[PDB]
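What follows is a single chain, given as structure tokens, in the form deposited in one PDB entry.
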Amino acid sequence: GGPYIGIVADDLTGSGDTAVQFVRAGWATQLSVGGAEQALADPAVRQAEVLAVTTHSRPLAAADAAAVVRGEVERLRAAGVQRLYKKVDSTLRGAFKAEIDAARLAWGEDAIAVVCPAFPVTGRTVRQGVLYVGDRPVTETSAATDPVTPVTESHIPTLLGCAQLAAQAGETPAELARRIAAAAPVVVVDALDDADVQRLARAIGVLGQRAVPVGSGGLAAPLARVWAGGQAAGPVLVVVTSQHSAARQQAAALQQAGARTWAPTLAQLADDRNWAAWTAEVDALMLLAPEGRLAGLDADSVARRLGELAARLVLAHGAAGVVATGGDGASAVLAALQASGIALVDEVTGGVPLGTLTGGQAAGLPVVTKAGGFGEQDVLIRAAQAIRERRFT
């Protein structure tokens, strides 16, 4: 409750663009067309999870720019904000170093400014610490002669007087996080693509409150998602009843990715002792249907049964959400939880909707449903991640 994330942007366009990315990840987000004071006095900030402000400081001189930035960062911290994102130009225009030092110092003594202004979908990347626009350093482009605030140094570590890192080939977020901490208090991190940006955002998540990302629009949605994921509780439960090959391939992929999987035979599925032993034994869990029907029962007995067990697990142990494919499975899971329907929120991808259960014993639980034959191989992985990386209120 109350403001959790503060976004400080140096111009109006950037503030609005970054803020909508948080809205799109489920965060209740408030935007000031000026500074934060106005916003924080209002009792409507009790409501808001994310507060975005503009310092209108991009064309200002260093000491004036620094001044406005330190004052807003103080107000946000005073107000209970626990994550800070500083939104800058992808192409470095502004009192870049001045604002970064002022922000980091105001945030905390142990604060780390993690600087990566990449925005890959618009062609900005960070390469051995250099801000590239397409295939050239930014100082070889029009911005070296921006009428208002030219750019005169492309190598961000030189600009800031700091260290520089790049994720290694197969590096994990946790491994990357260790190296950023070692490079405190200010470090530039490379990124060529969204995958690189997401890895960095995850590392930043691992580092928690002390980690102050400094980025452009490229870092916005990844941070919205990672910080939302930190609020997910319990495993995502995935129930796969389809015998469509697409679903079996999708299940195989989710298992490959580390989901703990119950894959019983027809005989085991009808044996409550087998269920009991698996549940005792056990960020995703998967129940995988065998082909056919349970001995002595219904043509729909396998899905009905998986639905009932999934519901038992959600109520007894808890879950961050449920993903069900295909339609047979989704119907069985909702029926077992006595859900009337799904209040829609958004989607994983078109045809794979995300909502919350309405009615019944698990009202509010995030749910994703999908037809058995639908989607690419990674779609259940993506579905589970979608649940985790959305803020629900």
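Residue numbers run from 1 along the displayed sequence. Rigid core here is just the name for the largest C-alpha set that superposes within 1.5 Å across the two forms.
Beyond the structure shown, there is the form deposited in another entry, which is absent from this document and is the topic of what follows.
- No residue in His244, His155, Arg293, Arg312 other than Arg293 shows a CA shift of 2 angstroms or more between this form and the one not shown after fitting the rigid core.
- A movement of the C-alpha atom of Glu140 falling short of 2 angstroms is seen between this form and the one not shown when the two forms are aligned on their rigid core.
- Once the rigid core is used as the reference frame, the Cα position of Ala270 differs between this form and the one not shown by 2 Å or more.
- In the other form, the CA atoms of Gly296 and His244 draw together by 3 angstroms or more relative to this form.
- In the other form, the separation between the C-alpha atoms of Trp275 and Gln255 grows by 3 Å or more relative to the displayed form.
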